[PDB]
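Enquirer: Chains as they are written, first to last, in the authors' numbering: chain X, 3599 to 3617; chain D, 1930 to 2010.
Mind having a look at this structure? Questions to follow.
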Amino acid sequence: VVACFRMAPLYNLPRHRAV
Amino acid sequence: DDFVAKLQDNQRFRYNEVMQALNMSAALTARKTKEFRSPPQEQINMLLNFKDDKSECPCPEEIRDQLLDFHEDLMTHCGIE
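Structure below.
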């Protein structure tokens, strides 16, 4: 629960990391 | 850059509508948010499964079509007819 909520979804990541 | 930016924006939107409310029934919260509970590698992997026609990915049709066109252009450049 708290572990997977404290994992930031893909949209929160900086754009270059997402690239 | 453009593909991942639109994907990130649409994923934030989908997150908003996912956790707006489930007052009718909240037993589906686990399945609806397993997407956002999966780590980013699997997130992008399963956002990128609109190839073929299995179509279990949550990717919207326009975002699917953009990559479906870019991939054909890239294959034409690579010489795979």
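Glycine residues also receive a C-beta, built at the ideal position from the N, C-alpha and C atoms.
(1) In whole angstroms, give me the CA-to-CA distance for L3611 of chain X and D1931 of chain D.
(2) Exposed or buried, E1991 of chain D, counting other C-beta atoms within 10 Å across all chains shown (16 or more means buried)?
(3) For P1969 of chain D and chain X, any beta-carbon pair shorter than 7 Å?
(4) Along chain D, in chain order, which residues have C-beta atoms closer than 8 Å to that of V3600 of chain X?
(5) With a 10 Å radius around its C-beta and 16 neighbouring C-beta atoms as the bar for buried, classify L1936 of chain D as buried or exposed.
(6) Please state if the CB of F1999 of chain D and the CB of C1988 of chain D are separated by a distance shorter than 7 Å.
(7) With 7 Å set as the bound, which would you pick, yes or no: does the beta-carbon of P3612 of chain X sit closer than that to a beta-carbon of chain D?
(8) Any beta-carbon of chain X closer than 7 Å to the one on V1933 of chain D?
(9) According to DSSP, is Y1944 of chain D helix, strand or coil?
Expert: Reading it off the structure:
(1) If I take the Cα positions, the gap works out to 15 Å.
(2) exposed
(3) yes
(4) Within 8 Å Cβ-Cβ: nothing; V3600 of chain X doesn't reach chain D, min ~11 Å.
(5) buried
(6) no
(7) Residue contact with chain D for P3612 of chain X: absent (no Cβ-Cβ distance below 7 Å to any residue of chain D).
(8) yes
(9) helix
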